[PDB]
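Residue-level structural notes
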Amino acid sequence: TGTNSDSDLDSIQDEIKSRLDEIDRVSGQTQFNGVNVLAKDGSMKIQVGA
Amino acid sequence: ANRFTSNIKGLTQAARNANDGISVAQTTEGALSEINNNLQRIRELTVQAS
């Protein structure tokens, strides 16, 4: 919207920046038993056939 | 009579030898089964590691 001034826009901006930083953090620090899942494009294979 | 008794004693000794061979076979079978158990455990562990 256009009712908010630049001084009012910097607050929304830094909030968005903090949210993006949190997104990066949770994307890079989540791991299951020592192996990460959101850092590489590789695929996982599960032996389900004996 | 001498031929007869020689044949009889030979047959008795042969039966004893056959029993001994059966015992040898049983021992070897036991060893083979003991190896088979470890082979199956390796099979299961490989399936887990796959």
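Everything that follows concerns the structure shown earlier in this document.
Residues numbered from 1 in each chain as written, not as in the entry; some residues may be left out. Chains lettered and ligands numbered in written order. Part of a larger assembly, values for the part shown. Heavy atoms only, no water.

A closer look at the overall build of chain B
Scanning chain B for helices and strands turns up one helix and zero strands. Seen along its three principal axes, the alpha-carbon backbone of chain B occupies a region of about 70 × 10 × 5 Å. Counting the 50 residues in chain B, one finds 0% classified as buried. Total accessible area on chain B is roughly 4600 Å²; 57% of this is exposed by carbon and sulfur atoms. One way to put it: in chain B the 5 positive side-chain charges average out to a point 15 Å from where the 4 negative ones average out. (Helix = DSSP H or I, 4+ residues; strand = E, 2+ residues; numbered from the N terminus. Buried < 20%, exposed > 50% of the residue type's maximum accessible area, 1.4 Å probe, protein only. Areas by Shrake-Rupley, 256 points an atom, 1.4 Å probe, with all protein chains shown as cover. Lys, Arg positive; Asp, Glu negative; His and termini not counted. Charge placed at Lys NZ, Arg CZ, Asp CG, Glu CD.)

Examining the overall build of chain A
Helix and strand content of chain A: one helix and two strands. Taken from the N to the C terminus, the helices and strands of chain A come in the order α-β-β. Scaling as 2.2 N^0.38, a compact globule of 50 residues should have a C-alpha radius of gyration of about 10 Å, whereas chain A reaches 20 Å, well beyond that. Its C-alpha atoms put chain A at 65 × 20 × 15 Å along the principal axes. The proportion of buried residues among the 50 residues of chain A is 0%. When the accessible surface of chain A is split by element, carbon and sulfur atoms take 52% of a total near 4800 Å². Seen as two clouds, the 5 positive and the 9 negative side-chain charges of chain A have centres 17 Å apart. (Rg over C-alpha atoms; globule rule 2.2 N^0.38 Å.)

Concerning a negative patch on the surface
Residues and elements named next belong to chain A. Judged by side-chain charge, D6, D8, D10 and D14 come together as a negatively charged surface patch. By secondary structure assignment, the location of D8 is in helix α1 (residues 6–28). For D8, a relative accessible area of 39% corresponds to the partly exposed category. (Patch = residues over 30% accessible without salt bridge, like charges linked within 9 Å, V, L, I, M, F, W, Y side chains within 5 Å. Salt bridge = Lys/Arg side-chain N within 4 Å of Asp/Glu carboxyl O.)

What to know about a nonpolar patch on the surface
There is a patch of nonpolar side chains on the surface, built from A:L9, A:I12, A:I16, A:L20, A:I23 and A:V26 and spanning about 500 Å² of accessible area. For A:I12, a relative accessible area of 43% gives the class partly exposed.

Quick word on the pattern of salt bridges
Residue and element names in this part refer to chain A. One pass over the full model with this rule turns up two salt bridges over all chains. The salt bridge involving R19 is made with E15; its shortest N-O contact spans 3.8 Å. With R19 and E15 both in helix α1 and four residues apart, this pair spans about one turn of that helix. With relative accessibility at 42%, the residue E15 sits in the partly exposed group.

A closer look at unusual backbone geometry
Residues and elements named next belong to chain A. Its identity as a non-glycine residue notwithstanding, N33 has a phi of 55 degrees, on the positive side. Within the secondary structure, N33 sits in the loop between β1 (31–32) and β2 (35–36). Backbone geometry at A50 places phi at a positive 60 degrees, although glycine is not the residue there. Assignment of secondary structure puts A50 in the segment after β2. When its relative accessible area of 64% is taken as the criterion, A50 is described as exposed.

So yeah, pure geometry; function would need other evidence.
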